[PDB]
Amino acid sequence: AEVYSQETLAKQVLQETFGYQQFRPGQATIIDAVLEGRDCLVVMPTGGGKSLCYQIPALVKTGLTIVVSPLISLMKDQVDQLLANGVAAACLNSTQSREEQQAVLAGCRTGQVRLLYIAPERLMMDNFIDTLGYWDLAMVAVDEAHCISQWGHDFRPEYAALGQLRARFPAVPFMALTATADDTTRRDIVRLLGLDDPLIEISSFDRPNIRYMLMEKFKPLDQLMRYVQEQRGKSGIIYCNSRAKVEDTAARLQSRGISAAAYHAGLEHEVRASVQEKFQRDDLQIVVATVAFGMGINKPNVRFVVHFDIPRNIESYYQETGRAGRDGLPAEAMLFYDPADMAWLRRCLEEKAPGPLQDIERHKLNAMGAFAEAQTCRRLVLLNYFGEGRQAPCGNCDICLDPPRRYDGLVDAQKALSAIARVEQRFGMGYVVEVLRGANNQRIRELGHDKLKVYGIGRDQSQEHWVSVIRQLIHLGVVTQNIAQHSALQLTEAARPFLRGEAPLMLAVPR
DNA sequence: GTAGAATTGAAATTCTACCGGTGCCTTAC
Ligand SMILES: [Zn+2]
């Protein structure tokens with residue numbers, strides 16, 4: 001009785017303001033829970049109107065809905081769309097004049113405004129919280145709610161402070177929405193936001209039109225160039241883990257004539273805006289970017305997402321690869337993997353404060369590395385990482401399309417390990433390989449490694465082959481590459497039996 | 001002192017840099 005009357009009102013809003021006909025599966029349930037006064041956590045990795053989960057009940061309820069958003073540009077996109085549908089929406093941010101802000105605040109006070117978009121830093125100021133007490137507050141919705149967990153612990157602490165708001169207003173329902181959240185992030189959102197036994201609704205993470213590919217990184221730039229050229233004019237994004245790398249890569253692509261521009265947070269806001277706008281207008285083919293190029297990109301025809309450096313966790317990977325193929329047509333995610341890049345990230349993590357937070361981050365990084373090293377379907381790894389049970393392989397990932405192939409690697413291991421032995425475990429990868437292929441430069445003849453027996457024993461095979469062999473022995477735990485001594489290749493206890501070679505060994509051909 | 005890109009006349013030689021990254025808010029004691 002009381003719950004269907006609510007849903008009836010919601011349906012009319014769905015029709016009258018948004019112009020849709022029927023609720024899809026799951027929508028009515030979330031919307032009803034919110035109308036019934038319950039807290040909600042909505043995880044909709046799919047698409048494409050999860051904003052409706054709060055906008056519709058904000059238009060049925062009497063009072064103001066506050067929507068917390070991480071980005072001025074998001075605030076503006078959503079307020080503008082609501083204004084186009086005739087809804088009294090507004091926002092507050094620092095690019096407004098004071099008199100503009102005052103008029104928004106008076107609108108909230110009078111009930112003219114129905115939805116107010118606002119950043120947590122403004123919202124969580126003590127005095128602002130006090131002014132809210134006097135408004136008629138119907139709901140609080142936190143968009144891109146993964147930011148609570150991903151930013152609230154360090155980069156933007158007011159994201160973690162929103163629970164204080166929750167306790168100040170126990171009678172107003174709170175809703176958190178996100179597209180990417182593993183179990184850890186979900187629990188972190190519930191905790192930090194103080195959600196009270198929330199309805200949790202999680203839809204599928206499957207993107208069947210995205211093909212997940214990985215390529216072992218040997219000649220980064222040449223492989224990237226060859227890959228970009230094979231896209232033959234297609235629109236795409238190339239992610240790197242540093243501003244510098246983004247500038248270089250951008251430049252070096254422009255050199256070869258490719259429509260590419262750099263995008264990162266050290267560029268001026270009018271440049272970033274132009275790059276994004278161009279990319280959207282299809283006036284730019286490729287954006288080369290840090291994580292700054294991200295939220296609030298509604299470009300439906302991104303055909304490839306390249307990770308030139310492996311991301312810091314699977315959620316970032318999922319979210320970034322997921323910008324491809326939003327129109328439903330074949331798109332490709334392509335990861336260029338160097339294990340050394342993992343070691344770099346591991347190093348960055350275990351420099352900061354020990355404890356539970358770092359163990360979570362280390363776990364999530366480690367999971368990213370396991371996805372990269374998997375010899376099973378990539379999609380099975382992703383989907384199961386997110387708690388979506390599946391066992392059948394996808395047929396549309398690099399492991400499924402080109403299965404791993406193993407060979408007797410015993411002899412190769414001997415050569416590589418023996419070569420590392422002879423140089424007394426004081427030299428890096430590049431050097432040890434030079435030795436292996438019998439290629440003579442000054443340092444070989446100078447140090448006298450051209451007379452050694454192992455010198456040139458692997459000249460019959462490429463430097464790519466030996467990098468893969470050695471990368472594999474590091475992964476197996478036979479060889480270390482401790483940054484401690486400038487990434488010198490050292491042998492471990494497990495080296496011995498292979499070096500004498502009665503312990504058998506399969507290796508994999510490189511990807 | 002490694003590593004990858006670029007430079008040299010394909011393997012050797014310099015030549016670079018050796019590694020984070022995300023955004024709100026700025027209303028003076
Ligand atoms: Zn697969």
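What's counted below: heavy atoms across the whole structure, side chains too, no hydrogens, waters or symmetry copies. Here is how names work: the chains are called A, B, and so on, in the same order as the sequence lines, proteins then strands, and each is numbered from 1.
With hydrogens and angles ignored, a donor-acceptor pair under 3.5 angstrom links the side chain of A/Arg312 to the base of B/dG20. Side-chain to base pairing of A/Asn93 with B/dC24: no donor and acceptor N or O lie closer than 3.5 Å to each other.
Closest to the side chain of A/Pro220, from the set B/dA5, B/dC19, B/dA3, is B/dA5. Between B/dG1, B/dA6, B/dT22, one nucleotide has an atom nearer to the side chain of A/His486 than all others, and that is B/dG1. Closest contact between the side chain of A/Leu221 and the listed nucleotides B/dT22, B/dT2, B/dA5 involves B/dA5. Here the nucleotide nearest the side chain of A/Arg98, chosen from B/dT27, B/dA6, B/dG21, is B/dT27. Residue A/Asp338 places its side chain closer to B/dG4 than to any other of B/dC24, B/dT13, B/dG4. Listed nucleotides: B/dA5, B/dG21, B/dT13. Nearest to the side chain of A/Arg252: B/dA5. The side chain of A/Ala265 lies closest to B/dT22, out of B/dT13, B/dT2, B/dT22. When the nucleotides B/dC19, B/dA3, B/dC24 are ranked by their closest atom to the side chain of A/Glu121, B/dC24 comes out on top.
Side-chain rings of A/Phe386 and A/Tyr318 approach one another, their centers coming within less than 6.0 Å.
In this entry the distance linking CD1 of A/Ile483 with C1' of B/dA3 reads 11 Å, nearest Å. Distance, A/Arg445 CZ to B/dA11 P: 15 Å, rounded to whole Å. Counting to the nearest Å, the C1' atom of B/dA5 and the CG atom of A/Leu253 are 14 Å from each other. As a whole-Å value, the separation of A/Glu434 CD from B/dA12 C1' is 9 Å. Here B/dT2 presents its P atom at 14 Å from CG of A/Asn482, a figure rounded to the nearest Å. The CD-P distance, from A/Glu361 to B/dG21, rounds to 16 Å in whole Å. Summarising the geometry, the separation between CG on A/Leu71 and P on B/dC24 is reported as 5 Å, rounded to the nearest angstrom. Atom CG in A/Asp309 sits about 15 Å away from atom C1' in B/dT22, given to the nearest Å.
Residues A/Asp248 and A/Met429 each lie close to DNA chain B; by heavy-atom proximity, the contact nearer the 5' end of the strand is made by A/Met429. Mapping A/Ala439 and A/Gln463 onto DNA chain B by nearest heavy atom places A/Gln463 closer to the 5' end of the strand.
A/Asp143 and A/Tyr54 share a donor-acceptor pair across their side chains, judged by distance under 3.5 Å alone.
In this structure, A/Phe155 forms an aromatic stack with the base of B/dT22, since both conditions hold: centre separation below 5.5 Å and plane angle below 30°. For B/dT22, the base is not stacked against the aromatic ring of A/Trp151, per a cut-off of 5.5 Å between centres and 30° between planes.
Between A/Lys364 and the options A/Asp359, A/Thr184, A/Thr185, a side-chain hydrogen bond (donor to acceptor under 3.5 Å, both in side chains) holds for only A/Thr185. Of the candidates A/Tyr239, A/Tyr212, A/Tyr337, A/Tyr239 is the only one forming a ring-ring contact (aromatic ring centres under 6.0 Å, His included) with A/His307. Considering A/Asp183, A/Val190, A/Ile189 as possible partners of A/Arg187, the one that fulfils the side chain to side chain contact (heavy atoms under 4.5 Å, CB included) test is A/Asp183.
OP1 or OP2 of B/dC25 sits under 4.0 Å from a side-chain N or O of A/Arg122. Between B/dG23 and A/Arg272, a contact under 4.0 Å exists linking OP1 or OP2 to a side-chain N or O. A sub-4.0 Å separation between OP1 or OP2 of B/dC25 and a side-chain N or O of A/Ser94 is present. Residue A/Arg443 places no side-chain N or O under 4.0 Å from the OP1 or OP2 atom of B/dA12.
Distance noted for atom P between B/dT22 and B/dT26: 23 Å (whole Å). The separation of B/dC19 from B/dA3, taken at their P atoms, amounts to 15 Å, rounded to a whole angstrom. One P atom belongs to B/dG4, the other to B/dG23, and the distance between them is 30 Å to the nearest Å. Taking atom P on both nucleotides, B/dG9 is separated from B/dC15 by 12 Å, rounded to a whole Å.
A/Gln442 comes within 4.0 angstrom of the backbone, heavy atoms only, and of no base. Contact annotation for A/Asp222: no contact, since no heavy-atom pair falls under 4.0 Å across all strands. Looking at heavy-atom distances under 4.0 Å, A/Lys352 makes contact with a base. Among the protein residues, A/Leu345 comes within range of no part of the nucleic acid, since none of its heavy atoms lies under 4.0 Å from any strand. Within the nucleic acid shown, A/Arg256 comes within 4.0 Å of sugar-phosphate atoms alone, with no base atom in reach, counting heavy atoms only. A/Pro120 comes within contact range of no nucleotide atom at all, as no heavy-atom separation falls under 4.0 Å.
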| message | Is there a ring-ring contact (aromatic ring centres under 6.0 Å, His included) between A/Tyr317 and A/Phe371? Walk through the geometry before answering. | response | CA-CA 10 Å; A/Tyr317 175 83; A/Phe371 170 87; 4.9 Å; yes

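Glycosidic conformation, B/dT22: anti, with the torsion outside 90° of 0. The glycosidic torsion of B/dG20 lies within 90° of 0, which places this base in the syn conformation.
Using the sign of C1'-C2'-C3'-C4' as the criterion, B/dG23 is classed as south-puckered. Residue note: B/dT13 shows a north-type sugar, the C1'-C2'-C3'-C4' torsion being above zero.
Remark: A/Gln463 CD is loosely packed, at most 12 non-hydrogen atoms of other residues, nucleotides or ligands lying under 6.0 Å away.
Separating the CZ atom in A/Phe304 from the CD1 atom in A/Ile237 is a distance of 9.0 Å, to the nearest 0.5 Å.
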